[PDB]
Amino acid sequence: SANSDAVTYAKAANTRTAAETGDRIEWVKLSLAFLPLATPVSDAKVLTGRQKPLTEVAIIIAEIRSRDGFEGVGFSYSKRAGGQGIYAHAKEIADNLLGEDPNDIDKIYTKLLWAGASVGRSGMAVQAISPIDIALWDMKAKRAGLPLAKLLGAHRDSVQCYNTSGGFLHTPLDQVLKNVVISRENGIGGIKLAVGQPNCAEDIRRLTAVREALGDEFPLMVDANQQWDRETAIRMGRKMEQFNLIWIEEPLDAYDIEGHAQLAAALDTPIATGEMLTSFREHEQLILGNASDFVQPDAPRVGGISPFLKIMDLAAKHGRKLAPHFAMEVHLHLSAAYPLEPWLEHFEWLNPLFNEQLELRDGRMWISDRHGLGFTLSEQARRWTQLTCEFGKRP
């Protein structure tokens, strides 16, 4: 009998609790490095005078070591001003990590938010938490002896990949075409052309020239970087229907929800946006407002893997596709865990930071058998480091 007239309580032997036997964070190292770009990069934002050419990328790295011998590495970044503040805030809160059980990632995330309650739950502050949140996930995966994608649960072992770095606006049409062949010869699965420059006639020129070389089937997409007004948007979009694009990215201001929704409803061509958003809440607004067919969150920018997962689930409920922005070293795993077939964006920019490189085969990026994110920092990463600080003591 499993019961009786009166209630009965059992007795346990192993009185050891998970609280007293868990691992503990003992050391943390933060670094602010700068990825130099010999060739200044220009997208529509530069062509319209909104910003100056990009000449480098700030990278904020977090390395965490546990008492039991596990290590996690993660990073956040900034294109243009932001790296100094992200590093500074991370440095002012990292101390809170010492002594915590590295497995309670969200409990830690919460403690970090409370420590910086005055500066919000979105934007820079959470971007200061991203490298730490990502390092903790990296650690958990390693603890389990699995690539991050497998710790989360994968739906695919590889992800379609397209290249962006070779289609910017500071690049003459002839070079863009030269980059296309190089990219295809290397097994890229798609090409994204940066558009949205004052001269609309030119973007059409450059765009028609690319579609010609690639043929009719090769996945092609465009990105206006928020440089069109509603009128131009629908106009250009309606005209671009003759390219069967995978998507039209950021046709309008990142916060113009109704404008994007309107565009998405008026065109068969999918609309993509969200890379500039810096929190789950911001992405939720775009999603509830049916702003786009493709959601493009950025783990470092939204606060790390933890918030990114929430964004993924929400997008999934609304049947939206996923096309993460930048940092493929982290997004490869996240997009591998997405229910619907995603797209991965490719840049070579971060390659020199790591000792390993991802495998690009037949239009797809394959997940290696390496644990966690599957990357180790290179000598170059240390050379490019300008500021660093440590907490605790190496176990």
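In this text, residue numbers run from 1 along the sequence as written.
Set 380-388 against 11-19 and average the Cα temperature factors; 11-19 ends up higher. Mean CA B-factor, 43-51 versus 334-342: the higher value falls on 43-51. Annotation for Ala38, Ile367, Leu353, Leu30: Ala38 ranks highest, by Cα B-factor. Of the candidates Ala315, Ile248, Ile105, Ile182, the one whose C-alpha carries the top B factor in the deposited record is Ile182. Ranked against the other modelled residues of its chain, the C-alpha B-factor of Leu252 as given in the entry falls in the middle third.
In the PDB entry, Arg320 places in the middle third of its chain by CA B-factor. For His155, the recorded CA B-factor ranks within the middle third of the chain. Only modelled residues enter the ranking.
Ranked within its chain, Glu26 lands in the middle third, by CA B factor from the PDB record.
In the deposited entry, the Cα temperature factor of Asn244 sits in the top third of values across the chain's modelled residues.
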